[PDB]
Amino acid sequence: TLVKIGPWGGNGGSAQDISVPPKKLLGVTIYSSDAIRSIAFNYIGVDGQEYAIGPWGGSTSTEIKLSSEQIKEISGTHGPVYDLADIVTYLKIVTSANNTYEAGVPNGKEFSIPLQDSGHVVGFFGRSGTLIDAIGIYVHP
């Protein structure tokens, strides 16, 4: 059973999610400028099938390759950009191998999920249009 946390961000765009619960996160690609513009990710679902999700959204790429490497901390901001009121503007991801990735520009209210013990992020959900209006996470205990 996965923990599902979020979303953080605004009401714009359309809700996005995944149907097969993730077992294992294989990688994440984020495109960003002054806002988080898109996210894509591939995972092995609990059914043992690979799913290539996205991209959700619509610049600068941030590519996150993960066999024993897990997302252990995820944080960011959401706020006003591009005459839109509340968009995910910044993301920071730290892995169990101590690799740190940043995308976007800190702007607005913060959120942060520092996972202890064996917890790790295995997938995402949220809201999107031309940008990532809101983002949420699936967490494997």
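Quick note: we count residues from 1 along the sequence shown, nothing fancier.
Next on the checklist: What does the record say about the segment between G58 and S59: how many deposited residues are without coordinates (none, 1 to 3, 4 to 9, 10 or more)?
Outcome noted: Just 1 to 3 residues are missing between them.
Next on the checklist: Does the chain run continuously from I74 to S75, or are deposited residues unmodelled in between? Answer none, 1 to 3, 4 to 9, or 10 or more.
Outcome noted: Gap between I74 and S75: none.
Checklist entry - Can you tell me which stretch has the higher mean Cα B-factor, 117-125 or 17-25? => result Mean C-alpha B-factor is greater for 17-25.
Next on the checklist: Maximum C-alpha temperature factor per the entry, among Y90, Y82, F41, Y101, belongs to which one?
Outcome noted: Checking the PDB record, the top C-alpha B-factor among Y90, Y82, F41, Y101 is at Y82.
Checklist entry - Which third of the chain holds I36 when residues are ordered by C-alpha B factor: lowest, middle or highest? => result CA B-factor rank for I36: lowest third.
Item to check | Ranked against its chain, the third holding the CA B-factor of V94 | outcome: Lowest third - that is where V94 ends up once the chain's C-alpha B-factors are sorted.
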